[PDB]
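**Student:** Need a 3D model of the sequence below.
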Amino acid sequence: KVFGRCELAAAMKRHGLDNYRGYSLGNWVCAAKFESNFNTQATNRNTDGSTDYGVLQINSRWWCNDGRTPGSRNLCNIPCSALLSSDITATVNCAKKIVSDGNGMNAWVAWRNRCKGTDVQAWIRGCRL
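**Tutor:** Numbering: from 1, shown residues only. Below is the structure in question.
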């Protein structure tokens, strides 16, 4: 599913991501824009053989099982395909584990490079939340 900016903002908000670990909603939406362009079906393979899945581009090396990443840890206890669903619930639950892990949103390279230190509030501007 390709979400609209505000539609995603509203689902992430409903899912308890606003200010989750001190990260305002705009951060979350910014990261999604840059990681997958708001498409839940986005996949991208990495050099190490791992693959990133979904709107937040969660990696199969640590977070989810895809059956083809040797030495995967499956910390979120889910099949990576679950992360491509139109229902963002599994993405959200798993992102909450990731962000709690120590480096915060820096786990998201596009966030670090494209969102971090920018006026992220722009991402939820005009939205009815």
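**Student:** Residue 114: neighbouring residues, count only.
**Tutor:** Residue 114 is flanked by 15 other residues according to other Cβ atoms under 10 Å. Where you see a C-beta, it was placed from the backbone N, CA and C, and this is true even at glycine.
**Student:** shouldn't it be in contact with residue 30?
**Tutor:** Yes - if you go by Cβ atoms under 8 Å, residue 114 and residue 30 touch, sitting 7.1 Å apart.
**Student:** Residue 126 versus the residue minimising distance to the centre of the chain, what's the distance?
**Tutor:** Compute the mean C-alpha point of the chain, and by Cα atoms, centre = their mean the closest residue is residue 56, 2.2 Å away. Residue 56 sits 23 Å away from residue 126, going by Cβ to Cβ, to the nearest Å.
**Student:** Kindly report the same for residue 68.
**Tutor:** According to Cβ to Cβ, residue 68 and residue 126 sit 41 Å apart.
**Student:** cool, residue 118 as well?
**Tutor:** 17 Å.
**Student:** Mind checking which of these two has more residues around it?
**Tutor:** Counted by other Cβ under 10 Å, residue 118 and residue 126 do not tie: residue 118 has more neighbours, with 12 against 8.
**Student:** which non-adjacent residue is nearest the more buried one?
**Tutor:** residue 30 (7.3 Å; Cβ to Cβ, 6 or more residues apart in numbering).
**Student:** CA atoms only for the host helix or strand of that neighbour - export them in CSV, please.
**Tutor:** Under the criterion DSSP states H and E, the helix or strand holding residue 30 is helix 25-36. The C-alpha trace of helix 25-36 is given here as CSV (Å, rounded to 0.1, in the frame of the first residue of the first chain):
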residue,chain,number,x,y,z
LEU,A,25,5.7,12.2,14.8
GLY,A,26,7.5,14.3,12.1
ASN,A,27,10.6,12.2,12.6
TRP,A,28,8.8,8.9,12.0
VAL,A,29,7.1,10.3,8.8
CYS,A,30,10.3,11.8,7.5
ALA,A,31,12.1,8.5,8.0
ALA,A,32,9.3,6.6,6.1
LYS,A,33,9.4,9.0,3.2
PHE,A,34,13.1,8.6,2.8
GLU,A,35,13.3,4.8,3.5
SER,A,36,10.5,3.6,1.3
